[PDB]
Every structure is written in structure tokens, then in C-alpha cells.
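Residue numbers (PDB author numbering), protein chains in the order written: chain Bf, 2 to 165; chain Be, 2 to 164; chain Bg, 2 to 164; chain BB, 2 to 164; chain BA, 2 to 165; chain BC, 2 to 164. Every residue gets a Cβ at the ideal spot worked out from N, C-alpha and C, and that includes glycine. Notes to accompany the following structure.
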Amino acid sequence: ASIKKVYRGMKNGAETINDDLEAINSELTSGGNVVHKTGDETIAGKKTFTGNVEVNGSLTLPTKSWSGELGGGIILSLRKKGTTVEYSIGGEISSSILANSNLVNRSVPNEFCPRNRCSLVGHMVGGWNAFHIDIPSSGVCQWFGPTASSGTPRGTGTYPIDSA
Amino acid sequence: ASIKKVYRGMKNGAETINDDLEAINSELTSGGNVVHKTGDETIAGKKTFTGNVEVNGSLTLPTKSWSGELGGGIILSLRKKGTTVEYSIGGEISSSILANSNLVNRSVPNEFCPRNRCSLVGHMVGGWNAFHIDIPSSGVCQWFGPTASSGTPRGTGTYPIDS
Amino acid sequence: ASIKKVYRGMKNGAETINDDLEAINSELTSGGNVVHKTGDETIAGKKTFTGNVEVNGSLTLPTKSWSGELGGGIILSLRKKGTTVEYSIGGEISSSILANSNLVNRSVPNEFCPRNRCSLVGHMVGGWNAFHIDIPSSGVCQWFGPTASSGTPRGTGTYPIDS
Amino acid sequence: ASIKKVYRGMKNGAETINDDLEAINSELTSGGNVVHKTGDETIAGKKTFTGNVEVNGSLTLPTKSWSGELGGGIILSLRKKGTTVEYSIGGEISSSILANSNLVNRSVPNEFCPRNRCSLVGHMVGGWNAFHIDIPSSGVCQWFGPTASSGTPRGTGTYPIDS
Amino acid sequence: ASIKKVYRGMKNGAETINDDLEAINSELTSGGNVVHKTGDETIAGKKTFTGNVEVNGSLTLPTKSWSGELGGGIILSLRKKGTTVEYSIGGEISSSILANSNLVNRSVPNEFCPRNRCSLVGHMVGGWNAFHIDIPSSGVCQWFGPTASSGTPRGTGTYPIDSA
Amino acid sequence: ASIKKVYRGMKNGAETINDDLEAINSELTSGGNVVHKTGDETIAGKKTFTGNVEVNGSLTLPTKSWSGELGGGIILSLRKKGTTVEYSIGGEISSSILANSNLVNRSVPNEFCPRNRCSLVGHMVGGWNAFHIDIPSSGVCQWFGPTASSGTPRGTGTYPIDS
Numbered sequence: 002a003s004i005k006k007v008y009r010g011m012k013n014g015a016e017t018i019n020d021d022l023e024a025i026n027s028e029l030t031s032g033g034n035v036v037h038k039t040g041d042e043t044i045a046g047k048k049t050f051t052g053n054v055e056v057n058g059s060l061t062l063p064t065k066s067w068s069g070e071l072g073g074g075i076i077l078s079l080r081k082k083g084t085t086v087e088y089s090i091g092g093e094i095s096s097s098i099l100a101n102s103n104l105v106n107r108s109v110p111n112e113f114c115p116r117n118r119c120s121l122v123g124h125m126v127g128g129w130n131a132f133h134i135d136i137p138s139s140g141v142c143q144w145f146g147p148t149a150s151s152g153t154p155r156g157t158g159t160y161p162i163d164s165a
Numbered sequence: 002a003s004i005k006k007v008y009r010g011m012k013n014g015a016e017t018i019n020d021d022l023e024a025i026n027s028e029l030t031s032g033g034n035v036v037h038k039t040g041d042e043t044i045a046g047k048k049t050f051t052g053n054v055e056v057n058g059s060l061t062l063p064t065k066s067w068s069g070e071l072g073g074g075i076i077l078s079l080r081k082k083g084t085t086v087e088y089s090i091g092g093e094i095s096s097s098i099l100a101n102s103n104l105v106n107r108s109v110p111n112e113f114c115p116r117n118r119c120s121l122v123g124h125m126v127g128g129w130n131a132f133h134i135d136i137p138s139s140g141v142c143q144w145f146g147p148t149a150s151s152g153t154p155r156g157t158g159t160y161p162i163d164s
Numbered sequence: 002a003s004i005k006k007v008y009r010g011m012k013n014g015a016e017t018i019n020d021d022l023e024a025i026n027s028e029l030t031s032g033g034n035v036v037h038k039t040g041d042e043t044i045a046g047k048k049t050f051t052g053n054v055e056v057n058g059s060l061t062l063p064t065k066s067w068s069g070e071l072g073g074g075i076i077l078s079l080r081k082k083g084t085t086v087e088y089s090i091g092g093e094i095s096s097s098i099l100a101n102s103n104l105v106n107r108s109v110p111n112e113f114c115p116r117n118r119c120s121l122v123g124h125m126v127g128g129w130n131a132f133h134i135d136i137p138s139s140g141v142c143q144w145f146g147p148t149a150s151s152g153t154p155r156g157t158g159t160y161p162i163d164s
Numbered sequence: 002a003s004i005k006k007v008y009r010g011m012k013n014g015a016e017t018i019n020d021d022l023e024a025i026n027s028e029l030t031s032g033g034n035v036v037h038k039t040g041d042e043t044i045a046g047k048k049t050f051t052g053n054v055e056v057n058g059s060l061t062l063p064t065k066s067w068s069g070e071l072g073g074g075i076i077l078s079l080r081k082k083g084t085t086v087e088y089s090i091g092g093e094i095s096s097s098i099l100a101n102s103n104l105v106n107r108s109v110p111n112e113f114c115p116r117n118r119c120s121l122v123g124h125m126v127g128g129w130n131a132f133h134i135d136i137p138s139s140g141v142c143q144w145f146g147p148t149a150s151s152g153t154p155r156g157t158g159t160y161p162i163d164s
Numbered sequence: 002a003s004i005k006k007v008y009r010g011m012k013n014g015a016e017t018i019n020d021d022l023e024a025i026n027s028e029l030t031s032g033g034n035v036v037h038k039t040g041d042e043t044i045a046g047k048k049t050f051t052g053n054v055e056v057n058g059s060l061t062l063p064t065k066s067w068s069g070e071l072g073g074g075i076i077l078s079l080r081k082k083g084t085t086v087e088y089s090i091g092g093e094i095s096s097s098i099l100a101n102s103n104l105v106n107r108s109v110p111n112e113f114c115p116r117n118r119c120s121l122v123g124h125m126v127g128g129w130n131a132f133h134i135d136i137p138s139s140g141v142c143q144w145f146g147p148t149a150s151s152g153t154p155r156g157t158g159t160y161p162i163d164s165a
Numbered sequence: 002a003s004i005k006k007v008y009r010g011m012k013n014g015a016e017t018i019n020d021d022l023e024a025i026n027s028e029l030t031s032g033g034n035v036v037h038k039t040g041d042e043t044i045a046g047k048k049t050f051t052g053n054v055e056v057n058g059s060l061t062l063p064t065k066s067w068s069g070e071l072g073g074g075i076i077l078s079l080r081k082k083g084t085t086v087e088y089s090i091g092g093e094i095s096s097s098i099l100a101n102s103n104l105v106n107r108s109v110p111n112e113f114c115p116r117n118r119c120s121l122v123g124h125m126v127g128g129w130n131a132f133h134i135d136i137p138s139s140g141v142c143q144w145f146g147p148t149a150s151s152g153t154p155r156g157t158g159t160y161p162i163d164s
């Protein structure tokens, strides 16, 4: 709060003191550079909460979305939320994909690439068939399942982006 | 803080200022309408943190639980935590469920229903058998695996609700 | 703020009031026991936010990492983040693991152990083979797949710790 | 210890002499700036031991851990302890790794980097095949096996951090 | 040091003051509970050195030795020193050792066991052949060479004893 | 500390008492024969630590370096640190090295020699070929690969100095 100096032999002393006290008390209820119990405010700086935090409303985190056909007709839908990326496998296998082969049609952007190699467990529509796609630090996904030419790939979950 | 007005020719002014300064200083340490570094306090309003937030304790978010048999002895345990719902597949298959057929025993409530169709990858006890159940915006879960009459379904993970 | 008492007939009164006001005003901008809109600060106590919280930076939660060979050559990488534990299946199956048998090489620590039984769905490299590992409150993992002696286990996701 | 001056014509001399003797004697058993034969203590400075140092409990040095996929599915796990790095090679070759090629997915961080080129000898599961991976001071690891597109590389050992 | 009280009107004051100064001064050179720059001394407690510790003499850590025939004629010799185990592979393969098989004559004792699987690379005399032997935390060693029924396995190195 | 005698009828007593207290108090902070929690100090004698010794700075042991051409173009580089020797194999095979033959250009000096035969496993650049070189206590190294007349031998690790 902007306050005036109080000194000996001051003209309008009581007036100055009152205005200084009112300016300080105004910041105790609303505005200024102080966080309040009421009202919509913006907070800057590294805040460390040693105690337990409870949220009754909604917690908003930075969000970024991406979708593309990795290779052979497999479309992966990604959605970043803080330090966790939510994956969604979809589409239909059009061309024959070899076992332990790289998907070169579309590469995963660097902002979605994890530090450690993550495995995305999926299921093939029709039978008891299972598959997993590995995401390296580079971005070139690999089909770790057997040689397949046709089928429906499905699978939704989460994978970490940070490790060490 | 509740403060008294200071004016020229005020009776007992020294006490008035002292009481006003003490009332303000009391709110600087505890209570009032300001958030303190010490003590348990309740905060209201939209708080936008532009900086980095670090929590050493426990984070609490709105929680709601649901459990019920989807169809043919397949019980799904759901728990919502803000924008992410945790799923758990349990039970044992009693009746015959057709391939690419809808489970009509009990539907998933709207508060647990995602915007887009989510696939829940699971594993059958005994063999290398795998299955996935799709959750549409309607609520009626669909078995996307092949025709089965017996087996133990298992699978635990997380699925998004917004997108 | 450290403030001095104001009384009637006070020697050097003007200075005392000014110093008290300046000390209070200093705490309104930086330091003290109050939380500010700017600067790196540490907050203690149970804080309840009734409104909507928005984070633009990074949210940090208590983190603990663990890695070890559960049994038969299967190495599980666990990383705790608040109330959710992130799992990662890796390694190579060296010795024969029986169907519905307990993994006795290394047990999951109690701090990573969930309240309920969680199924971690995985995939075997080379075929359409799937498997799930159950983790109880004790820590002794169970291989619920068929009797396997060789193969590459893979799988990454998240599982709840509380119920 | 904090002592008081003793001098001729001093007031309450015997008390001051006694208080000083007690203050000094206290530090011969615990605290102050002296290292003792009991107690948990932090010691600063360059301590040069010209004799025999015998550790019966534990000797704990600075430790740091790191793991990453170097390239081609090869995973290197590291633990720095003092002036030595403990390594473990794992994973499985996923794609063609050309003879004498740099592994270009992830480099070894500078804090784990050696002063000179370190040749880490390894073995491929299921045959008599050996290879090596060089860690240069830059941390850009290099494969010195022949061209390989599959297999399971292994090897545990150490390399030094200074020269 | 053991000292006597000094007080006003004390009998034999100068002597007591001197005796105390001497008792205290004695412990600045040897004995008592103080660590000195000379002498053989035993030190209890957690001693954290934040600076540079330079050892010119010897550094002696907890040591233990063990040797045993793991199986198939393969002999492993170990020496634990602190948090590290020094190993040496010897003997001669006497019988058929199947690829990826457990060596089931003798296991490594728990006190020599690592926290994680340790891959000990070795070489067979007289050719270009390499192998490895895994020591898991259980101590049941495993042969990762191919099937072998003869030859001389060798290899010296170290493995660690703990992990976070 | 160097102190002076105190006695009945002494000349300049208060001064001597004070000088003594100051001389003694001085050594509780620095110098004399006491080890302190600060400062660069040299410590003689057998120091046996029964508790946990934690080094946050550096731990420096006796070090010595050596390199030489063992024979046939094979160069061995060594660094002794305490009871451990760090090695690095280099050079290029220049001439025919017979299977199981002694490398007779230069031996490892006695101060770098082990108590027992040490088998140093290595790899040849560009193929899957491995070898080993034995360092006996005499320091006359022995090649345990087959007969070789060319190639690039590599391998970094350690061996111990006593048994």
C-alpha cells in the first residue's frame, strides 16, 4: 500500500495517520500484493505447501492435444495434462505391418515423448488378440506384436512423461 | 480489520491509534480475510497460479464411487477423481456374452460417462486371452471381445472423462 | 510484524507510529506470515479451496521410486505420485513360472501396496499373448497367466493405492 | 566456548572463573567446534588422515541414479557412488544398430560422464557373442559390436569418473 | 574432564583452579571424549564430512570371503568389501550346462547377494567365446551362455550390494 | 594448550588464569591436537569408526598411474586408487599373438600387481569376439584369446590389489 511518512511537527497529522491506516486496512480485505480468502486473484512464484491441500471446485492444468496415423492405419490420440499423457488407440489396419517394426507414417511430437520407454497395452477386436506399442525418447513408435495385415486396434489409458 | 477513524481533536487519540495498529497486526499473523503461511484456513474464489506449485502433504479432489454387474457376472468398480476415472474389472463370467454385443444388465451413470469412447484393456485368468470393453457417452457398455461363456475377467487402470 | 506500543505522553511519538506503519506495510508486500501474490513462499496448514484452482506452471507431489525383479526375471518399475502409482513392466522370463503362482524373489514395499487387489495388464513380445499380475496389501505378487518359461514382458500404466 | 574475561580487581571473580571452566569442560564431552568419540556430528574442512582409517559401520558416498534408452532398445542403468559409476546394460535390440555407430536416443548426462573413453564389455543372451559400448566424455555412447537387429545385451560392472 | 567447583571463600582456591585447568588441558592432547590429531582412537556416531576426506594410509571396510562350486564345475570366488563384491570365475565345465539354466550346486549366500540382477561377463579360454552368469538377489546363479559341456570360464570384476 | 602454573601467593594470578582459560578455549575452536568441525587438518593414528561415516565432499585415496605396451601392440593403462586398480585395454594387435601366450614386452609393475590371478575380459571392435588377459601376481600378462595377428582389443573395469 502507498503510505505517507509521519514526522515531528507535521501539518495534518491525524489526517495522514487515518489515511495510512485506511490504505493498509483496504489491502487486508481486497486487492494489493496479498492472497485473500475471498475473490478471484492471480498468484505468481514457487509456492510450497507443506500441509494438506483440499480442492472442492475444479483443478485446471496445462492441456495439449495431438492425433495422427502412426503407420498401417493405426491412429493414436494423445492428451497432455501436467506430467501425465492420456493415450487412445483407434483406427483400422489397412497395410501389412511386420513384427518388431517401426511405424514411419507419423512421428510422436517431442512435447509428448517420455524420458523412459513406455508400453501401451491394447486389444484387437474379434478375438483374444493383444498388442503393445513402444514410445521411445525419439518419437518413432514400434509395433511389438506379431505380423498383422487386418484388424481393429483399441486401447485407452495413461503413461508417464518424466522418470529421472 | 475493524478500525476506528482518526481525526483532529479526538478524545484519547493515543489509545485509538494503538488499538488500530494492534487490530491490523493481529490479522497479519492469524485470521481475517488473508491467507497465512501458518494455520488451517478456507479459501474461496478462482485462484490462478502462474508459477510452480509444490505439495508435500495430500491433495484432495471431488470423489464418487460406483460398483455394479455390467452383464453376465462382470462387475466393474469405478471411482472418479476430478477429470480422471479409475476402473477395476472383477467377478466371473456366468452367462454367455456374444461377440460385439451390448451388456444390458446395468448401465454406467452419466457422471462417470466420458465424452469420447474409451477402451478398457483386460486379461483372462488361465490363458493368454485379452479383452476390451468400450464405454460410450450413453452408458451401455459393449463387449468387443469374442463369444465367451466362462472365465475370470481382470484389469485395473485409468480412463479420461473430458476431450 | 514487530510493533511498538503507542501511549499518551510518549517520548518521540511521531517516529514510533511511522516505524510501526512501515513495518506493517513491509509485510503487505514481502515476507512475514502472510501469503503474497509475488515471490517464492512456504505455506503450512490444511488449506481448503472452495473455488476453482488453476495451475499454469508445474504441480509437484510427493515422489518415491522403486525397481526390482519380482520373480522369474520380471522387473517392475514403480513410481508413486500422491495417491496414484505408475507401473512399468520389463525384463525377460528366464525360469519357469507356474500358472496362478506367487512371485517369491522380491516383494512390493508396503508404501507402494494398494488397499485393494489391482490387475496390471501386459503384453508378450512376439505374439497375441496377454498377462496380468495381482498386487495385494501384503506385497507378494501373483502371475495369473499360463505356465511360461520364456518371453519378453511389457506394460506401462497407472493403478490406484486407496479405495 | 563462550567465556568471560578474568582480571585483577574483578567483581565476582570465583564465579566467573568457575563459569568459564564449566563452559570449556562442556565442549570436551559434546558440541562446540570439536569432534568427539560419540555423537552425530557434521565436519567441514579438508581432513587428511595419514594413518589407518577403519570403518566398522557404513561408509556413505555421494550417490545419484540414472537410466535411459541409449538407442536401438538398449537400456543403460547407472549409479554414481563417489568417483565410480556402477553400470548395468539391459533391454532388447529393437531395430538395426550399425557396426561402430553412435547410440543416438539418449546420451549419458555430464555428471555420469568419464574423463576418458570407457569400453563397457557385454554379452548377448543365448550364444557366445560379446560386444562393447563406449562411453566417451561427451556421453554419446557408441556400439562396437557388428551390425545387429535383435538380441538381449547384458553386462554389469563399473567405470571411473576422473583421470 | 573431571573438575572441582570454584567458589568465593573457597579453601585452597589457586590449587583447585590450577588442577581444573590441568584436567581440561590434558584432554586437549589425549583421551576423554575428544578426537585428536594423533593416537589410536575409536569413534562412535554418525560422522558427516561435508569437505574433502583424504586417506594417506589405509581405508579398511567390512570384509568377508566365500567360494563355492555354483554348478557344472564352475567355481565362483567372492570378497565383500563395504558395499562392493569382488568376484572371480574359475573351474572347468564338467557336464552339460543347458542354455539359460540355473546353476544348482551352491547358491551365493544372502550377505553376498545384490539388490538387483547382476550380469557377470566372462570368457572361455582358447577361443573368442563369451558368456555371462547372472547373480540375482536370491543368489541362484544362472548361465546365459549357450549349452556347454566343457571349457575353462574366466572373468574378474565387481558388482554392487545395495540399491535405493 | 601451553598453560602456566597457578598457585598460592603467585605473581600476577588473574592474568595467568585468564591467559590459561584463553589458551585452552582457543584450541576448542582451532589448532592444537584436537580435530574440529571446521578447518583443514592432518590427523595421525588408527581411527576406527564404529558408526556411519558419510562423505558429502570427496574421498581421496592413494593414487598412481601407469601405461605400457604389454606385447603385440596391446596397451594397458592403469590407475591404482586405494586397494583397487582401474584398467583400460587399448592399442591394436600388430603381430601374431599365439593362443595362451605370455605378453613379453612389458610387465605390470609390482605395485599394480594383484594377490591372485586376475582375468580381464575384453572385446574386439567390429565383431562378436571376446578374449581375456590374465594379470598374475608376478605381472607377466597372458593372452587367453586364440592366435590373433590383427584387431582392436578394448575393455575397461577394475581388479583388486590384495586377498
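Where the beta strand (DSSP E) containing residue i begins and where it ends
{"i": "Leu22(Bg)", "result": "Looking at the DSSP string, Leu22(Bg) is not in any beta strand (DSSP E); the run it does join, the alpha helix (DSSP H), is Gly14 to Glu28."}
{"i": "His133(BA)", "result": "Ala131 to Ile136"}
{"i": "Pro161(Bg)", "result": "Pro154 to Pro161"}
{"i": "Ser68(BB)", "result": "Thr64 to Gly72"}
{"i": "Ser78(BA)", "result": "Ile75 to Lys82"}
{"i": "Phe113(BA)", "result": "From DSSP, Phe113(BA) is part of no beta strand (DSSP E); its letter is neither H nor E."}
{"i": "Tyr88(BC)", "result": "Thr85 to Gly92"}
{"i": "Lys48(Bf)", "result": "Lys48 to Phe50"}
{"i": "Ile44(BB)", "result": "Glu42 to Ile44"}
{"i": "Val54(Be)", "result": "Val54 to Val56"}
Within 8 Å, strictly: CB atoms of residue i and residue j
{"i": "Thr61(Be)", "j": "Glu55(Bf)", "result": "yes"}
{"i": "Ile44(Bf)", "j": "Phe113(Be)", "result": "no"}
{"i": "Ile76(Bf)", "j": "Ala149(Bf)", "result": "no"}
{"i": "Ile162(Bg)", "j": "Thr64(Bg)", "result": "no"}
{"i": "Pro110(BB)", "j": "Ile136(BB)", "result": "no"}
{"i": "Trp144(Bf)", "j": "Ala131(Be)", "result": "no"}
{"i": "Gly72(BA)", "j": "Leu104(BA)", "result": "yes"}
{"i": "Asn101(BA)", "j": "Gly92(BB)", "result": "no"}
{"i": "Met125(Bf)", "j": "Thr153(Bf)", "result": "yes"}
Residue-level contact to chain Bf via CB, residue i, 8 Å cutoff
{"i": "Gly140(Bg)", "result": "no"}
{"i": "residue 1(Be)", "result": "Past the boundaries of the shown model lies residue 1(Be); chain Be is included only from 2 to 164, so the question cannot be answered."}
{"i": "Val105(Be)", "result": "no"}
{"i": "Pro154(Be)", "result": "no"}
{"i": "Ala15(Bg)", "result": "yes"}
{"i": "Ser102(BB)", "result": "no"}
Given residue i as reference, the closest of the options once Cα atoms are compared
{"i": "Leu121(Bf)", "options": "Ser89(Bf), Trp129(Bf) and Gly140(Bf)", "result": "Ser89(Bf)"}
{"i": "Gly123(Bg)", "options": "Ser150(Bg), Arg155(Bg), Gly10(Bg) and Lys38(Bg)", "result": "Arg155(Bg)"}
{"i": "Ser164(Bf)", "options": "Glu42(BB), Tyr8(BB) and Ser78(BB)", "result": "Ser78(BB)"}
Cutoff 8 Å: residue i Cβ touching any chain BA Cβ
{"i": "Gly32(BB)", "result": "no"}
Interface flag, residue i vs chain BB, CB-CB below 8 Å
{"i": "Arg9(BA)", "result": "yes"}
Cβ of residue i within 8 Å of any chain Bg Cβ
{"i": "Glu93(BB)", "result": "yes"}
C-beta neighbour in chain Be for residue i, strict 8 Å
{"i": "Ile18(Bf)", "result": "yes"}
Determine which residues of the region 71-89 of chain Bf have a Cβ less than 9 Å from any Cβ of chain Bg, and write them out in chain order. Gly83, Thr84 and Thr85
Quick one, which residues of the region 45-64 of chain BC are near chain BB if we go by CB-CB under 8 Å, in chain order? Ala45, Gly46, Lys47, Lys48, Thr49, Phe50, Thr51, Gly52, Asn53, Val54, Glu55, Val56, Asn57, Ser59 and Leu60
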